[PDB]
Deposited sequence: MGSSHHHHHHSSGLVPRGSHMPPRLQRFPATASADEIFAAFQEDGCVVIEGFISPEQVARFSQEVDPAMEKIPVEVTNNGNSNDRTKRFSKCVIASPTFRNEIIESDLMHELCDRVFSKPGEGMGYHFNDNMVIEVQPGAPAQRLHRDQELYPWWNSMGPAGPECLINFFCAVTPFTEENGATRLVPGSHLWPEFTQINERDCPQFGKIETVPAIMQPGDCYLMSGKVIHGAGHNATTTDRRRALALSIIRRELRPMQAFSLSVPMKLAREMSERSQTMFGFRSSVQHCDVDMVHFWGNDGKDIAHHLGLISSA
């Protein structure tokens, strides 16, 4: 795999979207894993064109070290794209995976959606700061690698992921380090020695844990809009960064299955209920 004698780089396993528990142990051991072909070939295609009109009406910032410097972001994927709401979010591998990360026996679905983002790294965009996704829930790093999982991300490539256009540089095994710190020169002892691994073709995805260090690289090209679809998924006890049950129209919620209504907060798991009853009753969604 490496020339004999070489420094071996951090292991980044890769499974086919038809694999089994097998993908999960790669997640447990490394903190991430690639699912090659996560979304079908025409599915990803129909999806990208469907959000191209919305992506077109996002002006680009040319700035300050923020994650908005020449990186454009858009989250109304259920509204804008029939392919997303009808096909992509009903992956049984997605759910069979989430149930192994999040759900406890007897309690139903321990998870729901945090965000559905399309991230498009514009050419010349500086490399994104290194971070753990779970910094979104600021106390979580304090629990170290023994803490439970709060967040996972099915990070899917829309346009191809190269080392040129700044695909995500992962750091496998970052979830097993003994202290979880901010990744900067004052707080991180290993800053500048952190060994990355860049991450894929359209429809491939990687299933990253919230504990894993990562970040978008510099998009060094002149023409490449590098586009992605992040399926952020949190445990049921945590609050979504998107208010999906207030912006997704009721017309679309009626077309979703019970699992997908639970993912978007149109149905309870009790958490997110309505005075001892499922919020789905009051909304006109049960029997």
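* Take the full deposited sequence, match it to the modelled residues, and report the stretches without C-alphas. => Missing C-alpha atoms (numbering from 1) occur across the ranges 1-13, 34, 78, 215, 286-294, 313-314.
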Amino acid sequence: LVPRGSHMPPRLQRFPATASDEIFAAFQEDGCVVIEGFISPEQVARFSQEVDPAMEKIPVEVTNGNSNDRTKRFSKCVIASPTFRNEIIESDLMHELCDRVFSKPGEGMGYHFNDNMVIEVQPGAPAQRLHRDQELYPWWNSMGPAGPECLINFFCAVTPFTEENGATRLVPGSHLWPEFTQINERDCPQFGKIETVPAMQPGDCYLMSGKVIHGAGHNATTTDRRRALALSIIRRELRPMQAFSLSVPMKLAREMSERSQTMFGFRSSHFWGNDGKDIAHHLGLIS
From here on, numbers count along this sequence of modelled residues.
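* **Other compared entries missing residue 17, a third or more** => yes, residue 17 frequently unmodelled elsewhere, at least a third of entries.
* Does residue 43 have no coordinates in at least a third of the other PDB entries examined? -> No: coordinates for residue 43 present in every compared entry.
* Per the entry, where is the mean C-alpha temperature factor higher: 145-153 or 179-187? -> Higher mean C-alpha B-factor: 179-187.
* Look up the CA B-factors in the entry and say which stretch, 116-124 or 131-139, has the higher mean. => Between 131-139 and 116-124, it is 116-124.
* Can you tell me which of 212, 109, 101, 93 has the highest Cα temperature factor in the record? -> If I rank 212, 109, 101, 93 by C-alpha B-factor, first place goes to 93.
* Whose C-alpha has the highest temperature factor in the PDB entry: 243, 233, 238, 220? -> Going by the entry's C-alpha B-factors, 220 comes out highest.
* Which third of the chain does residue 18 land in by C-alpha B-factor: lowest, middle or highest? -> Within its chain, residue 18 is a highest-third residue by C-alpha B-factor, going by the deposited values.
* Can you tell me which third, lowest, middle or highest, the CA B-factor of residue 270 falls into for its chain? -> Middle third.
* To do: Name the third of the chain's ranked CA B-factors that contains residue 8, choosing lowest, middle or highest.
  => It belongs to the highest third of the chain when residues are ordered by C-alpha B-factor.
* Place residue 68 in the lowest, middle or highest third of its chain's C-alpha B-factors, as listed in the PDB entry. => Middle third of the chain for residue 68's C-alpha B-factor.
* Mind checking which third residue 28 falls in for C-alpha B-factor across the chain? -> For residue 28, whose C-alpha B-factor we compare with every modelled residue in the chain, the answer is the middle third.
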